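Chemist: in the first instance, please consider these chains from the complex; the rest will follow:
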Amino acid sequence: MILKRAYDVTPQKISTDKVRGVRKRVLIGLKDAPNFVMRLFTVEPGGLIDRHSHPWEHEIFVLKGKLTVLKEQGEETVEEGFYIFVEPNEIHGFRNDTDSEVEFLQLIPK
């Protein structure tokens, strides 16, 4: 088995015309698993993932903080302990309006 501390993984800052103030850690990656992968995202205060979509589903668990979820229309702010299923091709994004870091686990198929 692989049994490791998530926060020991080196984060990558993500910075594009559509993403700001976000770090990503790959926990269980393509070389480790046969079917789906596990990542941990940290959203800084003011960070933003603009609405977008991919052709695969996402499964998310909110680990820390008040995550604002951008939906195909509108938004909803949720807290640690919420889970999210995002359909294939469903437009969605995220924002952190609070003064502390938000963390969420994200899993996607290979």
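Modeler: Structure received. Numbering: from 1, shown residues only, chains lettered A, B, ... in the order given.

Chemist: what about residue A:86, how many residues nearby?
Modeler: 19 (other CB atoms under 10 Å). C-beta: built from backbone N, CA, C; applies to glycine.

Chemist: surely it touches residue A:56?
Modeler: No. If you go by CB atoms under 8 Å, residue A:86 and residue A:56 don't touch, sitting 9.2 Å apart.

Chemist: distance of residue A:33 from residue A:57?
Modeler: 16 Å (CB to CB, to the nearest Å).

Chemist: ok, residue A:35 next?
Modeler: For residue A:35 relative to residue A:57 (CB to CB), the value is 13 Å.

Chemist: of the two, which one has the most company?
Modeler: Counted by other CB under 10 Å, residue A:35 and residue A:57 do not tie: residue A:57 has more neighbours, with 15 against 6.

Chemist: just say helix, strand or coil for the spatially closest residue to the more buried one that is not a sequence neighbour.
Modeler: Nearest residue to residue A:57, sequence neighbours excluded (CB to CB, 6 or more residues apart in numbering): residue A:88, at 5.3 Å. Secondary structure state of residue A:88, per DSSP: H, G, I helix; E, B strand; the rest coil, is coil.

Chemist: could you also fit chain B onto it:
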Amino acid sequence: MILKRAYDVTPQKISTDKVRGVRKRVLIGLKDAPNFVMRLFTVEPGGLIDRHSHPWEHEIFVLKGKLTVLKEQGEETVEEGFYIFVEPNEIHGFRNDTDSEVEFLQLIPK
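Modeler: Okay, chain B now, added to the rest:
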């Protein structure tokens, strides 16, 4: 999307000749997702999942507490923030030696 509180899901107590003091919540189940599912397990103080295996892999994230992981040989106690990849057919189990509930997220393929 599905956006819901994990702890609002009704738990099921699991009680067999190999499992004691464990509750299970299905968060994203077979009818919701195309490729893999997400469950949340709560291990009571003294709870125990005996060593066993399944022919699919598991991906686990420790949400709360000091989870003791039973390996194919021996054991290791780990804390919130650890992740686990369990290989197909790998013998493994879990125990809670502490005085408070332990929680972990578990995902498996369909």
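
Chemist: the neighbour count of residue A:86 again, this time with chain B added?
Modeler: For residue A:86, the neighbour count with other CB atoms under 10 Å in any protein chain shown is 22.

Chemist: who are the neighbours in contact with residue A:51?
Modeler: Listed by CB atoms under 8 Å, 6 or more residues apart in numbering or on different chains, the contact set of residue A:51 reads A:70, A:72, A:91-93.

Chemist: and what of residue A:90?
Modeler: Contacts for residue A:90 (CB under 8 Å, 6+ apart) come out as A:53, A:72, B:1.

Chemist: the first one is in contact with residue A:71, isn't it?
Modeler: In other words, residue A:53. No. Applying CB under 8 Å as the test, residue A:53 and residue A:71 come out as separate, 11.6 Å apart.

Chemist: overlap in contacts of those two?
Modeler: With CB under 8 Å, 6+ apart, residue A:53 and residue A:71 have common neighbours A:91-92.

Chemist: that older thread, as a markdown table, the contacts of residue A:90 with neighbour count and distance to residue B:106 would be great.
Modeler: As requested, those are arranged in a markdown table below (neighbours: other CB atoms under 10 Å in any protein chain shown; distance: CB to CB, whole Å):
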| residue | neighbour count | distance to residue B:106 |
| --- | --- | --- |
| A:53 | 15 | 27 |
| A:72 | 11 | 29 |
| B:1 | 17 | 21 |
